[PDB]
Amino acid sequence: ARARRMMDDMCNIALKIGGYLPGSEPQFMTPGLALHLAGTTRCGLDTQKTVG
Amino acid sequence: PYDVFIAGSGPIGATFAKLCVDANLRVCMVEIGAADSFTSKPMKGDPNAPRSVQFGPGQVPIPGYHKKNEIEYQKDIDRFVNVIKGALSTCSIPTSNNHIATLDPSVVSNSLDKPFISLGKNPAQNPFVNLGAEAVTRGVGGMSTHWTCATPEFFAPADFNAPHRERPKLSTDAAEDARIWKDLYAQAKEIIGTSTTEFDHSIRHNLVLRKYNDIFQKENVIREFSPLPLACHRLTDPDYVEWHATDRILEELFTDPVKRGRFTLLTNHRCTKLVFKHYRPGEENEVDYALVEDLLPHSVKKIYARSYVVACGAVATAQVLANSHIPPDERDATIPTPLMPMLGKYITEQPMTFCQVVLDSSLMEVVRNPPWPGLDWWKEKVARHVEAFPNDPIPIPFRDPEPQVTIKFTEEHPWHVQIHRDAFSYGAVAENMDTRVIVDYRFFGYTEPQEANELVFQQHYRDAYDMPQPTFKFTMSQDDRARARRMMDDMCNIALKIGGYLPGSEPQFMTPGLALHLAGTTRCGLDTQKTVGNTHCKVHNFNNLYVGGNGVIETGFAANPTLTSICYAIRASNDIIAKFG
Amino acid sequence: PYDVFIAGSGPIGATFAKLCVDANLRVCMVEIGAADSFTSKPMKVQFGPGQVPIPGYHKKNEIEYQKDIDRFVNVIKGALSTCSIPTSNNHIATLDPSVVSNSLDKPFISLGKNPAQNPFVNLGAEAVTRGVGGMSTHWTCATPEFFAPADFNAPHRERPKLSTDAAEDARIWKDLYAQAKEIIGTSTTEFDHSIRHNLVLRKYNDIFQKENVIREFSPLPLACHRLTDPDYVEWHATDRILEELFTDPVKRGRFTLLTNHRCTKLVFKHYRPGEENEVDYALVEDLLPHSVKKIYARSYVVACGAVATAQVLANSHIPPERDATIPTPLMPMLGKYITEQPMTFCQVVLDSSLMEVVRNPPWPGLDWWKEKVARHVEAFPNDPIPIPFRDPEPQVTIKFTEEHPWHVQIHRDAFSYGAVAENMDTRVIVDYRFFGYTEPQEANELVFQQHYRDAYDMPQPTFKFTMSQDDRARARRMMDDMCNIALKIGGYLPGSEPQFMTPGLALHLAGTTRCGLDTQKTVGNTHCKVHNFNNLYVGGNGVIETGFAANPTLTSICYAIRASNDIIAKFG
Amino acid sequence: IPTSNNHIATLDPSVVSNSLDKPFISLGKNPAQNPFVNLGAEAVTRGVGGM
Ligand SMILES: *Cc1cc2c(cc1C)Nc1c([nH]c(=O)[nH]c1=O)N2C[C@H](O)[C@H](O)[C@H](O)COP(=O)(O)OP(=O)(O)OC[C@H]1O[C@@H](n2cnc3c(N)ncnc32)[C@H](O)[C@@H]1O
Ligand SMILES: *Cc1cc2c(cc1C)Nc1c([nH]c(=O)[nH]c1=O)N2C[C@H](O)[C@H](O)[C@H](O)COP(=O)(O)OP(=O)(O)OC[C@H]1O[C@@H](n2cnc3c(N)ncnc32)[C@H](O)[C@@H]1O
Ligand SMILES: [Mg+2]
């Protein structure tokens, strides 16, 4: 639900100062492209749900 | 002489023919293209008619039938895109001299100062002010053999002196203007067969229409969604629709032997030009004859009539009339048209944005359990499908018709919205998706009429039919641009309420001219100094010369023009009947 | 009862109709598609009173397509319905995360796909056209004969045997091919005043006369005629075959053509394999809205093309687990030994040195050429290409031989040029299409699904096709031959470098209802009568039992003649 | 990178090919990966200073 709203937000924002360049129209990217994977050795206060 | 000569056999030329032959006039129609799409109807009075099968004895073929009516295309709808592409001839293709660096070094090549000279290109066209996708269809029925059949009315504001209107003025009195339009639209809708109810039992249509109205009732600005008026009727087998075309306009001129004897249709015959009484600008004049050439070998003919109608579409009507400025017997020079000085000036065409979406997964639950009353037909169809295909993730039945939804133009959101499906050619990523959950969006804007926007015709370059090469000089205004941006924004906002963009069909502008709604090339109206013809589409200074088609329309409009152009063809035909009957 | 019932209105069905009506037989022909392409001719101005409309006219005859030939590719694509498209379940990684999607365990169930087709043994580009005239409303009209070797016991031949006697076989084929050529209007002269055609043909002959292995180039035989206005060609189609059945009211009175009518199946006297049988009636359905008819005739002909002929006959095995096919024990060789042609393709741009040939041809006496070049050069002095603007394409072939056993066409087909390629002028492009053959093998088959159906509710076709080792060896040689030949006169156009095409693209599928002398390995005899049925005949490329490389229509017309004559003898 | 067994319909018929029964076994693919629950663009950089 947030992903859809994000996409809607981007279209609204971008169009305030320009128009989409052909080939680079609004689109989702392949999952993982951000390279911001996290939580694989997750650390925090809840000992039973964390690695550290 | 014939009573009426008509160049062009699209739905406008056919309306003139129908009305004039129904008023007992004798009509000669010429069409540059072939008869290439047919249905079959019983000939009236033939004793074999009751028994008859299509195209068998007792029946007559009727040209100008919609090509999408063939069952193959009702079953495999995305194949129709190829038919449309096959039917469109691009008006103006500019030259280029690009280097191909990986040619084998022994082969013929272009160079910097020997470019190719290639058949089919227009050396005078500046690519930057072109309508590069503006195209024509030559054939009996014109573009009506493939059109999508949308027939909206044009918007008329509550204030008659509002700064913009889509519907042109036919009178300077607001009440009479309204009267006239209500009569013409009623008759145009009857001629073409407009309906807003032929998708009333589609799940997809009702899903989209009702959901959008529910969503937009809850927003700060209210927007109304309605069925798109379409010239079609769904058949007694509801899996099939008959899309309407020129065939229904011409029908009785073929089936009725009395009407047939007053109608002549010459196919593969080009109207090259009209020949006038004299060539002096500003003075009363008359057409003396039409110069027509038979393009098939078996040929130049003078056709005499009392009145002449040029209904060759927006490019070609102007083309014929430009060519007519060269009486019979600088490389980039164009043909001056001092007899019709506003010809090809104030041209308009619609900017267009497009996208497709995949419907939200959440809407599939609405399909399984819809909240609106009066939908037992929907529930039953769904239950049948779910029990026949219990592993199908999509609960929409397999042959459910597509949606056919519009938002009518308003001054507050001054563009025309279609939410539907057209045939489309899926790429390698997008053809992995099921057709049932795709919805297309096409938003059309308007452009202001400006004298400097023009269609002109080359003296020294010719098209494939030996007619003067068209050249476009088209640039949108700052206000046109601003609306076009708002339009794109609106399309993104609306599309994303019910689905997410399909890869390869994300929000984009299309090539200028792709709408094919070019107008104002022979513009008709009350302002005599800025128009080619009057509100009856009679050309100024010519007592017996009429024009038809989208070219007569003098406003900047965003909605599909065909219905309004039929109104003008009515109005012009009635003038011809009164003067020449 | 009619005398003859015919399912299908392609050029084969039309040949049976014409010959049977000419012999005073009453014919009912049914065609699943629409009449959608017409000309008009006078009864014994086009589309007025006095003229009669004739369906099955070639779509390319419309002037629009003679003036803009590359547009005609859209017409062909619009006409072809792919036979068997396998299912797939590809992940689309960039869908918006809220939209309907396939998953590993819940794939889409999509109209128009064949879950039973293994893609690795498919003919993925095999397709059909449904309409009056079948594929003849868009075909390229090439009508060569098939190769018959000097030795009647050669291990391969293209032309099937119609007798076990060599001389008699030769006599029969000589008569059939002459009559076939007249029916369809074959000519080899319609490009003889093209500069491009003559440059290609004469250059290649000059080149290959100087090589130690001689190869002969000749004009491609085409069912067409150039009109009196030589910018135009009338491409022939089923209209020419049916013409008299429409224009002569006596003949019109013996011929009924029902369009949008599916031959769903034939119903037989009984369903016991191996015993003499007959067709009782055809089950036909009117698909147009305004129901099911039994149509009775003395004889029945299924001429529905290679796939759909076998499809009707398979469906007829049903009197009126998921992947199970329809068993066909009444016709046990139905769909077995199927053949299709591997094809290689490229395009070249002509060598720059050939333009000086165009300017000053070295062959004497070509006044027509020099005059056209002179007019061009005077009107367009800065054109670097001296070939005239509306100069017709080349239409050149090398006839199949056993030493180079493929069929070569050197010509221009309608083509959609990419972003690199359409910067090149069309006058200097030449296309190469090389077609090979595949040996008939029992395991290569077309079968029909019990529980899957096509868009017209017929049993879904499924292909199982794998080429042999010798077929592959020949195909590599064919590719090498194409590279060698093409590079003599030009260089590969970027984007159209030498490549194999998708199997089935040739649309020369054969052997699905194979006819011949070996009763045990055939569906029908050399008169195309189905074994054990006294009144059932088949027509089309599916009857051809050999592995052939050349274009099959002319040869199928020969078989339609021969079958028609058997029908006329027996049921006249 | 998940495995796949796509048919290449235009390969020269004499060449090495995959089949329905005998897919390629190709270095660098993960036979365990379901493509529909993948992070197909997740990637690493090996070098001093990492990414
Ligand atoms: C191609 C197309 C068109 C439309 C839609 C979609 C597509 C892909 N969708 C559509 C449109 N219009 C609407 O209002 N609603 C929609 O959903 N389409 C446009 C519509 O199709 C046109 O507005 C309409 O046909 C215009 O009718 P017309 O004014 O009669 O003009 P046509 O172009 O149809 O026919 C002209 C006719 O004249 C012939 N001609 C041209 N030159 C000559 C000469 N010199 N001599 C004789 N005849 C000539 C043409 O060949 C043509 O047949
Ligand atoms: C599409 C195509 C075809 C060929 C060439 C190029 C292209 C792009 N070029 C060509 C070919 N052949 C040659 O010899 N030389 C060339 O240059 N083409 C193939 C050629 O077009 C065919 O070989 C020829 O038509 C075969 O004729 P036919 O045996 O009469 O078969 P058709 O497929 O033409 O017509 C069959 C007909 O039957 C109807 N049908 C199918 N099922 C039914 C059922 N159940 N009921 C009733 N009718 C049925 C089809 O609709 C079709 O009309
Ligand atoms: Mg009505």
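Note that ligands are numbered from 1 as they come in the structure, with each ligand's atoms numbered from 1 the same way. Sequence lines set the chain letters: A, B, ... in the order given, protein chains first and strands last, and positions in each chain run from 1.
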To check you understand the geometry: which heavy-atom pair defines the closest contact between C:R240 and C:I184, and what is its length? NE-C, 3.4 Å
Decide, yes or no, whether a salt bridge links C:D36 with C:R130 under the criterion of side-chain N to carboxylate O below 4.0 Å. no
Please give me the protein atoms (N, O or S only) lying under 2.8 Å from the Mg ion (ligand 3), ordered by chain and number. B:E190 OE2
Could you check whether the rings of B:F424 and B:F354 sit parallel, tilted or perpendicular, using 30° and 60° as the cut-offs? parallel
Would you mind checking if C:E145 and C:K181 are paired as a salt bridge, meaning a charged N to carboxylate O distance below 4.0 Å? yes
Between B:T246 and B:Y65, do the side chains contain a donor N or O and an acceptor N or O under 3.5 Å apart? no
Looking only at the side chains, is there a donor atom on one of B:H517 and B:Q350 sitting less than 3.5 Å from an acceptor on the other? yes
Amino acids contacting ligand 2, non-hydrogen cut-off under 4.0 Å: C:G8, C:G10, C:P11, C:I12, C:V30, C:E31, C:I32, C:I76, C:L80, C:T129, C:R130, C:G131, C:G134, C:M135, C:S136, C:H138, C:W139, C:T140, C:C141, C:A142, C:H261, C:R262, C:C263, C:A303, C:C304, C:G305, C:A308, C:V312, C:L507, C:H508, C:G540, C:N541, C:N551, C:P552, C:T553
Below 30° counts as parallel, above 60° as perpendicular, anything between as tilted: where do the rings of B:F444 and B:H416 land? tilted
In terms of ring plane angle, is the pair B:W243 and B:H66 parallel, tilted or perpendicular, where the classes change at 30° and 60°? tilted
Within 45° cone and under 6.0 Å: C:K59 NZ/CZ vs C:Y65 ring: no
